[PDB]
Every structure is written in structure tokens, then in C-alpha cells.
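Here the structure is laid out as C-alpha cells; the discussion comes afterwards.
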Amino acid sequence: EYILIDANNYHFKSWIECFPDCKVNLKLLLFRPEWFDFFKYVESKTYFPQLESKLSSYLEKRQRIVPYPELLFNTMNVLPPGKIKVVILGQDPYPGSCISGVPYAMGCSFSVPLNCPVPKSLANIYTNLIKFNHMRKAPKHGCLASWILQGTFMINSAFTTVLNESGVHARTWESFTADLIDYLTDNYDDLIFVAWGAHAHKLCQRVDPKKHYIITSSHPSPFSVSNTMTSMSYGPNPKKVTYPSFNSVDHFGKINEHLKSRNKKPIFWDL
Amino acid sequence: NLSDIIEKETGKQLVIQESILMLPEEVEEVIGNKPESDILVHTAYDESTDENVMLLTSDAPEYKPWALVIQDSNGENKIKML
């Protein structure tokens with residue numbers, strides 16, 4: 001309904017259509033109740049009114065923000081933080097769109113609605129799935145709802161960008177995303193975090209390696225699918241460590257075997 | 001302006017599918033020359049020549065261009081500095 005999206009049947013309220021006044025709320029956008037305890041939490045914080053204020057100021061300006069609100073906090077609105085298994089982080093949402101005007105951005109990472117082009121990060125992901133026997137034919141689409149439902153928490157480390165402009169709302173959503181990740185690693189237990197690229201790695205330093213399992217490699221962008229990534233370690237005593245390349249890791253074949261080794265209903269990836 | 005640099009430089013009329021902000025040391029291993037900032041790598045695709053085009057700019061809001069990488073099917077990539 002909100003994740004099985006078809007761009008040919010894409011009829012969602014705009015920001016101004018969902019916020020007729022420039023003042024922006026976030027209580028509205030969050031549906032699934034299993035989040036309020038975190039959400040109410042971040043309202044006690046101080047960056048939160050300034051955050052809605054920045055967003056409003058963007059609509060005052062008047063930006064073409066994507067993703068559209070009724071898909072912002074999407075993965076949250078369909079994954080309760082309890083029936084979650086894997087946390088995959090995207091850096092910055094898809095900035096492009098289509099001649100139809102539909103944004104690639106469906107409020108979650110690496111996923112695009114149906115009948116929409118498949119970017120090459122996602123395609124290199126499919127290449128991997130095929131390489132490690134997790135899929136036979138790479139699908140014609142990039143709707144990753146069947147992954148989200150099964151418990152794959154795919155989000156962008158910056159929930160909004162302005163259409164056609166890339167990496168614009170970092171220092172706005174940092175304070176939100178950091179608290180989200182801290183909430184996850186602290187309150188909940190035996191999650192699996194996946195670090196694709198340097199930025200998601202930086203975000204996975206905030207995680208408790210005593211509790212959770214962390215897969216780490218380079219990013220699925222064509223610039224890096226074949227390149228190692230040299231960064232730091234996870235633990236308290238860091239060493240200079242080189243993590244493998246996206247095409248040299250069984251990213252999805254480690255998730256399932258860990259979840260089984262913790263007696264958890266695995267994740268059927270193929271489509 | 002990003003869609004226009006690539007046309008001026010290559011004649012290819014293309015749009016940015018995605019982008020990632022990578023770090024100087026992380027670029028230096030692929031380009032050979034180290035940038036003086038973070039590098040947004042903007043990605044586009046050409047199905048006419050079946051090849052990945054990717055522009056290396058400074059981080060927002062400046063977007064100052066730094067390089068252009070064009071990578072074929074087999075994965076070797078021509079590098080033009082800017």
C-alpha cells in the first residue's frame with residue numbers, strides 16, 4: 001500500500017499538500033505506534049523543533065523536497081522496532097525523479113517504486129545476490145518491500161534532500177539519525193547492521209559489538225563495488241583495518257546464517 | 001548545473017541517478033590524486049555505450065567540480081581531471 005508503490009499509480013499528497021501551512025509536523029507522518037516511545041523521546045530533545053523549523057523554512061523558500069511526506073518515515077511506519085532484524089543504512093536519498101514527476105525516493109534506502117528504473121547500486125546488489133545463489137534472475141524493478149516486511153530496516157542517514165540536488169540535508173538529520181541508531185543499539189538486541197561505504201561505517205561505530213553482528217564492505221556504487229575500503233575498527237581499541245569490496249562479500253548469505261544461528265526465521269531475498 | 005558539465009565535457013545528455021559523499025583518502029586510491037575535501041560522486045548511466053559516468057565534485061552547497069570518471073562494462077575507467 002505504502003511500500004508496494006507503482007509510479008504509474010502514484011497519487012500521494014505533496015509536502016504543502018500535507019502541510020498547507022508552512023509549519024511542518026512530524027507526529028503526523030509517523031503511523032505505526034511501536035515508534036512513539038522513541039519518537040516522544042526525540043521530542044524531549046532540543047534539535048527537534050529546530051528540525052521541523054528547518055523543514056518548514058525549506059517549504060517557505062519554497063523547496064521541492066523529496067521524499068514526499070506520506071513516505072517519509074516509511075520503513076519506520078512499516079517495521080515495528082521489535083520485529084526488525086537487519087539495519088541497512090543509505091547515505092543520501094535518490095535525488096532524481098521521472099518525466100512523470102515521481103521521485104525515485106520512496107522514503108527508504110536503495111528501493112524505488114515499481115515501473116521505475118533500477119539504479120546501478122541496486123543492480124550491483126542483485127548481481128551479488130545472483131553471485132551467491134540467493135537469486136536466479138535479477139528482477140525488472142527496485143521495490144524492496146518484500147525485504148522490508150521480512151525485517152530489513154533500510155533507511156537513509158539523511159531522510160530528505162531537495163529534488164535534483166544531492167547531499168543537502170546532512171547537518172539537519174544527523175541529530176535525528178544518531179539518536180535513532182543509539183535507540184536501536186541500546187534498547188534492542190541481536191540486530192544485524194550492514195556498513196556499505198565509509199559513512200555507514202562512521203554510523204556503525206555507535207553500535208555495541210558485544211550485542212550485535214556487523215557486516216562491513218565498500219559501497220555498491222559503481223565507483224566502489226570493486227574497491228576495498230580502508231577505515232578503522234569497531235571495538236574500543238582501534239586498528240587500521242581494510243574491509244572488503246561489495247562484490248567480495250556474501251552480504252545476504254551472512255545475514256540468513258546468523259539469523260538461523262540465533263533461531264530466527266530467515267529472510268527470503270529473491271523476487 | 002551538474003547535468004550540464006557532463007554534456008559540455010562528453011556530449012552525453014544524462015541525469016544523475018544517485019550520489020555518494022566519499023572521503024579524500026578513499027578517492028586517492030581510485031584516482032591517484034588526493035582531493036582537498038570530501039568528494040560527492042554523482043552517478044549516471046549511458047545505455048548507448050553501456051557505461052557508467054560519474055562526476056567528482058566538492059561537497060554541497062559549492063559543488064565545485066574535481067574530476068570525471070567514465071567506466072565501461074569490464075570496469076576499467078578513464079579519468080579526466082577538471
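Ordering of the C-alpha cells sets the chain letters (A, B, ...); residue numbers start at 1 within each chain; ligands are numbered from 1 in the order shown.
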Report as a PyMOL selection string all protein, DNA and RNA residues lying within 7 Å of residue A:154, evaluated on only C-alpha atoms, omitting residues in the same chain fewer than 3 positions from it. chain A and resi 75+87-89+108-109
Interface residues on chain B facing chain A, 9 Å, only C-alpha atoms, written as a VMD selection string: chain B and resid 15 to 23 25 to 26 29 to 30 40 to 45 52 54 59 to 61 69 71 75
Go ahead and write the residues just picked, N, CA, C and O atoms, as a short mmCIF file (atom, residue, chain, number, x, y, z; two decimals), in the first residue's frame.
data_model
loop_
_atom_site.label_atom_id
_atom_site.label_comp_id
_atom_site.auth_asym_id
_atom_site.auth_seq_id
_atom_site.Cartn_x
_atom_site.Cartn_y
_atom_site.Cartn_z
N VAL B 15 21.36 12.31 -16.75
CA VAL B 15 20.86 12.80 -15.48
C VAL B 15 21.48 11.98 -14.36
O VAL B 15 21.93 10.85 -14.56
N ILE B 16 21.50 12.56 -13.16
CA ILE B 16 22.12 11.93 -12.01
C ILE B 16 21.12 10.97 -11.37
O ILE B 16 20.06 11.39 -10.91
N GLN B 17 21.46 9.68 -11.36
CA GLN B 17 20.62 8.70 -10.66
C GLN B 17 20.82 8.79 -9.16
O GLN B 17 19.85 8.85 -8.40
N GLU B 18 22.08 8.80 -8.71
CA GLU B 18 22.42 8.73 -7.30
C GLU B 18 23.75 9.44 -7.08
O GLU B 18 24.40 9.90 -8.02
N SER B 19 24.16 9.52 -5.81
CA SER B 19 25.40 10.18 -5.44
C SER B 19 25.82 9.70 -4.06
O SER B 19 24.98 9.30 -3.26
N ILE B 20 27.13 9.72 -3.81
CA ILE B 20 27.67 9.37 -2.51
C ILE B 20 28.83 10.30 -2.16
O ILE B 20 29.69 10.57 -3.00
N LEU B 21 28.83 10.81 -0.94
CA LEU B 21 29.93 11.61 -0.43
C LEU B 21 31.00 10.69 0.15
O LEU B 21 30.80 10.09 1.21
N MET B 22 32.13 10.59 -0.55
CA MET B 22 33.26 9.79 -0.11
C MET B 22 34.37 10.71 0.40
O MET B 22 34.33 11.93 0.23
N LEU B 23 35.38 10.09 1.01
CA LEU B 23 36.43 10.81 1.71
C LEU B 23 37.70 10.89 0.88
O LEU B 23 37.93 10.06 0.00
N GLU B 25 41.00 10.22 1.26
CA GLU B 25 41.83 9.02 1.16
C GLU B 25 41.12 7.92 0.39
O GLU B 25 41.78 7.07 -0.23
N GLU B 26 39.79 7.91 0.43
CA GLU B 26 39.03 6.86 -0.22
C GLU B 26 38.95 7.09 -1.72
O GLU B 26 38.78 6.13 -2.48
N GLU B 29 42.79 6.38 -3.73
CA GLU B 29 43.15 5.03 -4.13
C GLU B 29 42.60 4.67 -5.51
O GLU B 29 43.11 3.74 -6.15
N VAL B 30 41.59 5.40 -5.98
CA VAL B 30 40.96 5.12 -7.26
C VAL B 30 41.41 6.09 -8.34
O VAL B 30 41.59 5.71 -9.50
N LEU B 40 31.69 14.45 -3.41
CA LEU B 40 30.44 13.88 -3.90
C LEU B 40 30.72 13.24 -5.25
O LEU B 40 31.25 13.90 -6.16
N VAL B 41 30.40 11.97 -5.38
CA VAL B 41 30.48 11.24 -6.63
C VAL B 41 29.06 11.09 -7.12
O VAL B 41 28.24 10.42 -6.48
N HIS B 42 28.76 11.75 -8.23
CA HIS B 42 27.45 11.74 -8.86
C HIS B 42 27.47 10.70 -9.96
O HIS B 42 28.41 10.67 -10.76
N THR B 43 26.45 9.85 -10.01
CA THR B 43 26.44 8.70 -10.90
C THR B 43 25.34 8.82 -11.94
O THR B 43 24.23 9.28 -11.64
N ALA B 44 25.66 8.41 -13.17
CA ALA B 44 24.74 8.39 -14.29
C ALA B 44 25.13 7.21 -15.17
O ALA B 44 26.23 6.67 -15.05
N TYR B 45 24.23 6.84 -16.08
CA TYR B 45 24.41 5.65 -16.89
C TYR B 45 24.09 5.95 -18.35
O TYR B 45 23.13 6.67 -18.64
N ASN B 52 29.18 3.60 -17.18
CA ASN B 52 28.88 4.42 -16.01
C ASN B 52 29.66 5.73 -16.11
O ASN B 52 30.88 5.72 -16.28
N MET B 54 30.52 9.28 -14.03
CA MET B 54 30.48 9.68 -12.63
C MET B 54 31.38 10.88 -12.37
O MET B 54 32.60 10.82 -12.58
N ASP B 59 31.84 18.97 -1.89
CA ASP B 59 30.57 18.78 -1.21
C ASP B 59 29.72 20.03 -1.34
O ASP B 59 30.21 21.13 -1.61
N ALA B 60 28.41 19.85 -1.17
CA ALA B 60 27.43 20.93 -1.17
C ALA B 60 27.83 22.03 -0.19
O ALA B 60 28.63 21.78 0.73
N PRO B 61 27.32 23.26 -0.35
CA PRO B 61 26.50 23.71 -1.48
C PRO B 61 27.34 24.20 -2.64
O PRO B 61 26.80 24.68 -3.63
N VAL B 69 35.01 10.54 -14.25
CA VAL B 69 35.41 9.15 -14.45
C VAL B 69 34.37 8.49 -15.33
O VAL B 69 33.16 8.63 -15.09
N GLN B 71 33.47 4.73 -17.01
CA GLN B 71 33.84 3.34 -16.75
C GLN B 71 32.99 2.40 -17.59
O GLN B 71 31.76 2.44 -17.52
N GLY B 75 34.87 -2.63 -16.45
CA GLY B 75 35.13 -1.96 -15.20
C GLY B 75 36.39 -1.13 -15.15
O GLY B 75 36.70 -0.58 -14.09
#
Give me every strand (DSSP E) residue in chain B, going by DSSP on the backbone, as a PyMOL selection string. chain B and resi 18-22+39-46+51-57+65-71+77-81
Neighbours of residue A:140 within 12 Å (only C-alpha atoms; same-chain residues fewer than 5 positions away dropped), as an MDAnalysis selection string? chainID A and resid 112:119 122:123 126 271
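Distances from B:3, B:13, B:50, B:64 to residue B:35 were compared using only C-alpha atoms, and the smallest one belongs to B:64.
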